[PDB]
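To begin, one chain is listed below as structure tokens, in the form deposited without the partner chain.
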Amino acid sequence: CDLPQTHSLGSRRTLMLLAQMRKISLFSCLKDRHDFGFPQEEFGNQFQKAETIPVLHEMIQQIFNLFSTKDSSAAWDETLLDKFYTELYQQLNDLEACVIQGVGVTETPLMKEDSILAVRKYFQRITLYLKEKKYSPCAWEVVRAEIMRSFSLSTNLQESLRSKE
């Protein structure tokens, strides 16, 4: 379990992988774009120290499953996706480590499941978006954009230690 805040290359690496798999700029897709409604409430609020770990773990599960589809594998770069799956698995192992050990990670009430359910629902909206746009390139960029914006600020609890007021 990652108790001390020495260093972290997890999220850092994901920012690169998803950027390398990018096809075009978001401005080029100013048409088929919309807000997916990323719930920051069950991410940046309440959960701060390891409490969001179970959420992140199950969140990556959705990401992995979503990208591991035959659709995404043929839309993105299979070679880069390989690294994506590897890093995702690494992050999964890094996150569940605290869940396996007797650390206060799953001591939270039903609210811990609420965040997971919210994530699944949020991701489900993305599944419908892909179907509506018939898995078009512009749609993928928007999807990748949201997943990127959500995942980057997923570990935000251990990064945004600027304002304590």
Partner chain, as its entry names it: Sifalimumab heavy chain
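Numbering follows the first chain given and starts at 1.
There is another form of this protein, the form deposited with the partner chain bound, and it is not shown here; the text below is about that form.
Contact here is defined as any heavy atom lying within 4.5 Å of the partner chain in the bound PDB entry, and by that definition not a single one of 75, 80 and 81 is a contact residue. Looking at residue 46, you'd find every heavy atom of it more than 4.5 angstroms from the partner chain in the bound PDB entry. For residue 101, a non-hydrogen atom is located within 4.5 Å of the partner chain in the bound PDB entry, even though that partner is not displayed.
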